[PDB]
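**Student:** Data file entry.cif (mmCIF, N, CA and C atoms) is appended below.
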```cif
data_protein
loop_
_atom_site.label_atom_id
_atom_site.label_comp_id
_atom_site.auth_asym_id
_atom_site.auth_seq_id
_atom_site.Cartn_x
_atom_site.Cartn_y
_atom_site.Cartn_z
N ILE A 1 9.16 -5.22 -9.98
CA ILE A 1 8.28 -4.37 -10.77
C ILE A 1 9.13 -3.42 -11.61
N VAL A 2 8.46 -2.45 -12.21
CA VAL A 2 9.13 -1.47 -13.04
C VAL A 2 9.01 -0.08 -12.40
N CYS A 3 10.12 0.65 -12.43
CA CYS A 3 10.15 1.98 -11.86
C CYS A 3 11.11 2.84 -12.69
N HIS A 4 10.72 4.09 -12.87
CA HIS A 4 11.54 5.02 -13.64
C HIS A 4 12.91 5.16 -12.98
N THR A 5 13.94 5.02 -13.81
CA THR A 5 15.31 5.13 -13.32
C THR A 5 16.08 6.18 -14.13
N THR A 6 16.71 7.09 -13.40
CA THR A 6 17.48 8.14 -14.03
C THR A 6 18.93 7.70 -14.23
N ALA A 7 19.19 6.45 -13.88
CA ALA A 7 20.52 5.89 -14.01
C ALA A 7 21.11 6.31 -15.36
N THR A 8 20.31 6.15 -16.40
CA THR A 8 20.74 6.51 -17.74
C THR A 8 20.62 8.02 -17.95
N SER A 9 21.46 8.52 -18.85
CA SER A 9 21.46 9.94 -19.16
C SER A 9 20.02 10.46 -19.23
N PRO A 10 19.24 9.87 -20.18
CA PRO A 10 17.86 10.27 -20.36
C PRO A 10 16.98 9.71 -19.24
N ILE A 11 15.69 9.64 -19.52
CA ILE A 11 14.73 9.13 -18.55
C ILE A 11 14.05 7.88 -19.11
N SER A 12 13.65 7.01 -18.21
CA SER A 12 12.99 5.77 -18.60
C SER A 12 12.62 4.96 -17.36
N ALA A 13 12.02 3.80 -17.60
CA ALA A 13 11.61 2.93 -16.52
C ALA A 13 11.75 1.47 -16.97
N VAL A 14 12.50 0.71 -16.18
CA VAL A 14 12.72 -0.69 -16.49
C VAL A 14 12.26 -1.54 -15.30
N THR A 15 12.33 -2.85 -15.49
CA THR A 15 11.93 -3.78 -14.45
C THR A 15 13.12 -4.15 -13.56
N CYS A 16 13.04 -3.70 -12.32
CA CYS A 16 14.10 -3.97 -11.36
C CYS A 16 14.45 -5.46 -11.44
N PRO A 17 15.54 -5.83 -10.72
CA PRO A 17 16.00 -7.21 -10.70
C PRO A 17 15.08 -8.08 -9.83
N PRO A 18 15.43 -9.39 -9.76
CA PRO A 18 14.65 -10.33 -8.98
C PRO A 18 14.92 -10.15 -7.48
N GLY A 19 15.25 -8.92 -7.12
CA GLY A 19 15.53 -8.59 -5.73
C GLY A 19 14.86 -7.28 -5.33
N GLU A 20 14.19 -6.67 -6.29
CA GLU A 20 13.49 -5.42 -6.05
C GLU A 20 12.15 -5.41 -6.78
N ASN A 21 11.10 -5.15 -6.02
CA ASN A 21 9.76 -5.11 -6.58
C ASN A 21 9.10 -3.77 -6.22
N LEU A 22 9.86 -2.95 -5.52
CA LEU A 22 9.37 -1.65 -5.10
C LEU A 22 9.94 -0.57 -6.03
N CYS A 23 9.62 0.67 -5.71
CA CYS A 23 10.10 1.80 -6.50
C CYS A 23 10.42 2.95 -5.55
N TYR A 24 11.52 3.62 -5.85
CA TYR A 24 11.96 4.75 -5.03
C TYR A 24 12.15 6.00 -5.88
N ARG A 25 12.60 7.06 -5.22
CA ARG A 25 12.83 8.32 -5.91
C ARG A 25 13.61 9.28 -5.00
N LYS A 26 14.93 9.19 -5.10
CA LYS A 26 15.79 10.04 -4.30
C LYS A 26 15.28 11.48 -4.35
N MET A 27 15.93 12.34 -3.58
CA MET A 27 15.55 13.74 -3.53
C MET A 27 16.40 14.50 -2.51
N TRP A 28 16.82 15.69 -2.91
CA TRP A 28 17.64 16.52 -2.04
C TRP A 28 17.86 17.86 -2.74
N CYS A 29 17.88 18.92 -1.94
CA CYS A 29 18.07 20.26 -2.47
C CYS A 29 19.45 20.31 -3.14
N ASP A 30 19.49 19.85 -4.38
CA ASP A 30 20.73 19.84 -5.14
C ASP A 30 21.47 21.17 -4.92
N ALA A 31 22.64 21.26 -5.52
CA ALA A 31 23.45 22.46 -5.40
C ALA A 31 22.79 23.59 -6.19
N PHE A 32 21.49 23.71 -6.02
CA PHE A 32 20.73 24.74 -6.70
C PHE A 32 19.26 24.72 -6.28
N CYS A 33 19.04 24.35 -5.03
CA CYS A 33 17.70 24.28 -4.49
C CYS A 33 16.98 25.60 -4.80
N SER A 34 17.78 26.58 -5.19
CA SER A 34 17.24 27.89 -5.53
C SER A 34 16.34 27.79 -6.76
N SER A 35 16.82 27.04 -7.74
CA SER A 35 16.07 26.85 -8.97
C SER A 35 15.78 25.36 -9.19
N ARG A 36 16.82 24.56 -8.99
CA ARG A 36 16.69 23.12 -9.16
C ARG A 36 16.31 22.46 -7.83
N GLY A 37 17.34 22.04 -7.11
CA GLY A 37 17.13 21.40 -5.82
C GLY A 37 16.23 20.17 -5.96
N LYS A 38 16.30 19.31 -4.95
CA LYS A 38 15.50 18.10 -4.95
C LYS A 38 15.86 17.25 -6.17
N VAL A 39 16.93 16.48 -6.02
CA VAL A 39 17.39 15.62 -7.10
C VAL A 39 16.70 14.25 -6.99
N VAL A 40 15.80 14.00 -7.93
CA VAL A 40 15.07 12.75 -7.95
C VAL A 40 15.87 11.71 -8.75
N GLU A 41 16.36 10.71 -8.03
CA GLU A 41 17.13 9.65 -8.66
C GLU A 41 16.23 8.46 -9.00
N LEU A 42 15.15 8.76 -9.70
CA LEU A 42 14.21 7.73 -10.10
C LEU A 42 14.94 6.39 -10.20
N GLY A 43 14.25 5.34 -9.76
CA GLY A 43 14.82 4.00 -9.79
C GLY A 43 13.85 2.98 -9.19
N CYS A 44 14.40 1.83 -8.83
CA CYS A 44 13.61 0.77 -8.25
C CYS A 44 14.31 0.28 -6.98
N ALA A 45 13.59 -0.54 -6.22
CA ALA A 45 14.13 -1.08 -4.99
C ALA A 45 13.17 -2.12 -4.42
N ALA A 46 13.65 -2.85 -3.43
CA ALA A 46 12.84 -3.88 -2.80
C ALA A 46 12.18 -3.31 -1.54
N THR A 47 12.61 -2.10 -1.18
CA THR A 47 12.08 -1.44 -0.01
C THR A 47 12.75 -0.08 0.19
N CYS A 48 12.56 0.48 1.38
CA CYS A 48 13.14 1.77 1.70
C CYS A 48 13.98 1.61 2.97
N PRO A 49 15.32 1.76 2.79
CA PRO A 49 16.24 1.64 3.91
C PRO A 49 16.19 2.88 4.80
N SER A 50 17.26 3.07 5.56
CA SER A 50 17.35 4.21 6.46
C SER A 50 17.19 5.51 5.67
N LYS A 51 18.23 5.84 4.91
CA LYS A 51 18.22 7.05 4.10
C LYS A 51 19.00 8.14 4.83
N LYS A 52 19.33 9.18 4.08
CA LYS A 52 20.08 10.30 4.63
C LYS A 52 19.11 11.40 5.06
N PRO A 53 19.66 12.41 5.78
CA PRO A 53 18.86 13.52 6.26
C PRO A 53 18.52 14.48 5.12
N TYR A 54 19.44 14.58 4.18
CA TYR A 54 19.25 15.46 3.03
C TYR A 54 18.94 14.65 1.77
N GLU A 55 19.65 13.54 1.62
CA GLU A 55 19.45 12.68 0.47
C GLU A 55 18.61 11.46 0.86
N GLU A 56 17.33 11.53 0.53
CA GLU A 56 16.41 10.45 0.84
C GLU A 56 15.80 9.89 -0.44
N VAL A 57 15.53 8.59 -0.41
CA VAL A 57 14.95 7.92 -1.56
C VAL A 57 13.57 7.39 -1.19
N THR A 58 12.60 7.72 -2.04
CA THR A 58 11.23 7.28 -1.81
C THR A 58 11.13 5.76 -1.92
N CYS A 59 9.90 5.28 -1.90
CA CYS A 59 9.65 3.85 -1.99
C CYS A 59 8.19 3.64 -2.40
N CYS A 60 7.95 2.52 -3.08
CA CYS A 60 6.61 2.19 -3.53
C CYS A 60 6.59 0.71 -3.91
N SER A 61 5.38 0.16 -3.92
CA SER A 61 5.21 -1.24 -4.27
C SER A 61 4.36 -1.37 -5.53
N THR A 62 4.68 -0.53 -6.51
CA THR A 62 3.96 -0.53 -7.77
C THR A 62 4.83 0.06 -8.88
N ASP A 63 4.50 -0.33 -10.11
CA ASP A 63 5.24 0.16 -11.26
C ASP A 63 4.93 1.64 -11.48
N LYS A 64 5.92 2.35 -11.99
CA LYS A 64 5.77 3.77 -12.25
C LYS A 64 5.00 4.42 -11.09
N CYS A 65 5.40 4.07 -9.88
CA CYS A 65 4.76 4.60 -8.69
C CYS A 65 5.71 5.60 -8.04
N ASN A 66 6.88 5.74 -8.65
CA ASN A 66 7.89 6.66 -8.14
C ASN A 66 8.45 7.48 -9.30
N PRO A 67 7.54 8.25 -9.96
CA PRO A 67 7.94 9.08 -11.08
C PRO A 67 8.70 10.32 -10.60
N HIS A 68 9.06 11.16 -11.56
CA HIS A 68 9.78 12.38 -11.26
C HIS A 68 8.79 13.49 -10.90
N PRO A 69 9.25 14.42 -10.02
CA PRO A 69 8.41 15.53 -9.60
C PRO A 69 8.30 16.58 -10.70
N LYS A 70 8.86 16.25 -11.85
CA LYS A 70 8.83 17.15 -12.99
C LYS A 70 8.85 16.34 -14.29
N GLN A 71 8.64 15.04 -14.14
CA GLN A 71 8.63 14.14 -15.28
C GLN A 71 8.41 14.94 -16.57
N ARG A 72 9.26 14.65 -17.55
CA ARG A 72 9.17 15.32 -18.84
C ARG A 72 10.42 15.03 -19.67
N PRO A 73 10.19 14.85 -21.00
CA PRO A 73 11.28 14.57 -21.92
C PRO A 73 12.10 15.83 -22.20
N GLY A 74 13.25 15.62 -22.83
CA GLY A 74 14.13 16.72 -23.16
C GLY A 74 14.50 17.52 -21.91
N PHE B 1 22.93 13.57 -13.57
CA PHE B 1 22.63 12.21 -14.00
C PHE B 1 21.19 11.84 -13.67
N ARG B 2 20.59 12.63 -12.80
CA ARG B 2 19.21 12.40 -12.39
C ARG B 2 18.27 13.36 -13.12
N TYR B 3 17.00 13.29 -12.73
CA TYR B 3 15.99 14.15 -13.34
C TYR B 3 15.79 15.42 -12.51
N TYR B 4 16.76 15.70 -11.66
CA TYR B 4 16.70 16.87 -10.81
C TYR B 4 15.36 17.60 -10.98
N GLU B 5 14.72 17.87 -9.85
CA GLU B 5 13.44 18.55 -9.86
C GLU B 5 13.45 19.68 -10.90
N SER B 6 14.66 20.07 -11.29
CA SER B 6 14.82 21.13 -12.27
C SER B 6 14.19 20.72 -13.60
N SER B 7 14.53 19.52 -14.03
CA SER B 7 14.00 19.00 -15.28
C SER B 7 14.09 17.47 -15.30
N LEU B 8 14.83 16.97 -16.27
CA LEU B 8 15.01 15.53 -16.41
C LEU B 8 16.32 15.25 -17.16
N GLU B 9 17.21 16.23 -17.11
CA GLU B 9 18.49 16.11 -17.77
C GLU B 9 19.51 15.44 -16.84
N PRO B 10 20.41 14.63 -17.46
CA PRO B 10 21.43 13.92 -16.70
C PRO B 10 22.54 14.88 -16.27
N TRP B 11 22.13 15.98 -15.67
CA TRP B 11 23.07 16.98 -15.20
C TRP B 11 22.28 18.18 -14.67
N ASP B 12 21.55 17.94 -13.59
CA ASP B 12 20.75 18.98 -12.98
C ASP B 12 20.01 19.75 -14.07
N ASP B 13 19.11 19.05 -14.74
CA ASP B 13 18.33 19.65 -15.81
C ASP B 13 19.27 20.16 -16.90
#
```
Would you mind giving the structure from this file in structure tokens?
**Tutor:**
Amino acid sequence: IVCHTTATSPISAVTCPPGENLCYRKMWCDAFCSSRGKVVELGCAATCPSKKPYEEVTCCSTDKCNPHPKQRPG
Amino acid sequence: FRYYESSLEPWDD
């Protein structure tokens, strides 16, 4: 499927490979949880693995189902 | 490089 990926400088959403049909969205109190925090690494995936205690990636089985918690251009 | 909850800039907003 397609899921927003922050891989690129800007923001966008492409169709994962023939190995991922899900969608994720990392998150962690970045080095600025004070103002920023929670780094969403929008992207795609075939599922949701273990994950870290601080750095966790969401999961979904639909396109644009793992958007940003602040989605917005510029 | 991510959309950091801060914004959507490739560098913590």
**Student:** Within 9 Å of chain B, which residues of chain A show up when using only C-alpha atoms, listed as a count of residues only?
**Tutor:** 29
**Student:** Evaluating the PyMOL selection byres ((chain A and resi 52-60) around 6) on the displayed file yields which residues, as a CSV table (one decimal) with N, CA and C atoms, keeping the file's coordinate frame?
**Tutor:**
```
chain,number,residue,atom,x,y,z
A,21,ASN,N,11.1,-5.2,-6.0
A,21,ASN,CA,9.8,-5.1,-6.6
A,21,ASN,C,9.1,-3.8,-6.2
A,22,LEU,N,9.9,-3.0,-5.5
A,22,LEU,CA,9.4,-1.6,-5.1
A,22,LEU,C,9.9,-0.6,-6.0
A,23,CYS,N,9.6,0.7,-5.7
A,23,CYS,CA,10.1,1.8,-6.5
A,23,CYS,C,10.4,3.0,-5.6
A,24,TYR,N,11.5,3.6,-5.8
A,24,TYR,CA,12.0,4.8,-5.0
A,24,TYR,C,12.2,6.0,-5.9
A,25,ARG,N,12.6,7.1,-5.2
A,25,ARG,CA,12.8,8.3,-5.9
A,25,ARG,C,13.6,9.3,-5.0
A,26,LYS,N,14.9,9.2,-5.1
A,26,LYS,CA,15.8,10.0,-4.3
A,26,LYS,C,15.3,11.5,-4.4
A,27,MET,N,15.9,12.3,-3.6
A,27,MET,CA,15.6,13.7,-3.5
A,27,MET,C,16.4,14.5,-2.5
A,28,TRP,N,16.8,15.7,-2.9
A,28,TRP,CA,17.6,16.5,-2.0
A,28,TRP,C,17.9,17.9,-2.7
A,29,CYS,N,17.9,18.9,-1.9
A,29,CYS,CA,18.1,20.3,-2.5
A,29,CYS,C,19.4,20.3,-3.1
A,47,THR,N,12.6,-2.1,-1.2
A,47,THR,CA,12.1,-1.4,0.0
A,47,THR,C,12.8,-0.1,0.2
A,48,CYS,N,12.6,0.5,1.4
A,48,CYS,CA,13.1,1.8,1.7
A,48,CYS,C,14.0,1.6,3.0
A,50,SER,N,17.3,3.1,5.6
A,50,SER,CA,17.4,4.2,6.5
A,50,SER,C,17.2,5.5,5.7
A,51,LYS,N,18.2,5.8,4.9
A,51,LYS,CA,18.2,7.0,4.1
A,51,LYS,C,19.0,8.1,4.8
A,61,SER,N,5.4,0.2,-3.9
A,61,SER,CA,5.2,-1.2,-4.3
A,61,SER,C,4.4,-1.4,-5.5
A,62,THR,N,4.7,-0.5,-6.5
A,62,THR,CA,4.0,-0.5,-7.8
A,62,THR,C,4.8,0.1,-8.9
A,65,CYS,N,5.4,4.1,-9.9
A,65,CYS,CA,4.8,4.6,-8.7
A,65,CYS,C,5.7,5.6,-8.0
```
**Student:** Can you tell me how far CA of residue 20 in chain A sits from CA of residue 64 in chain A, in Å to one decimal?
**Tutor:**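 Rounded to one decimal, the two atoms are 13.5 Å apart.
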**Student:** Give me, please, the distance in Å between atom C of residue 14 in chain A and atom N of residue 49 in chain A, quoted to one decimal.
**Tutor:**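 Value for the atom C of residue 14 in chain A-atom N of residue 49 in chain A distance: 18.6 Å.
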**Student:** Please, what distance in Å, to one decimal, runs between atom N of residue 34 in chain A and CA of residue 66 in chain A?
**Tutor:** 22.4 Å
**Student:** What parts of chain A does DSSP call strand (DSSP E)? I'd like the answer as a ChimeraX atom specification.
**Tutor:** /A:2-4,13-15,22-24,26-27,43-45,56-57
**Student:** Residues within 5 Å of (13.1, -3.7, -7.7), file coordinates, counting all atoms listed in the file: what are they? Give the list as JSON, numbers by chain.
**Tutor:** {"A": [1, 16, 17, 19, 20, 21, 22, 44, 45, 46]}
**Student:** Given 6 Å on each side, where is the centre and what are the edge lengths in Å to one decimal of the axis-aligned box enclosing the listed atoms of chain B, as AutoDock Vina command-line options?
**Tutor:**
```
--center_x 18.3 --center_y 16.5 --center_z -13.8 --size_x 21.6 --size_y 21.3 --size_z 19.9
```
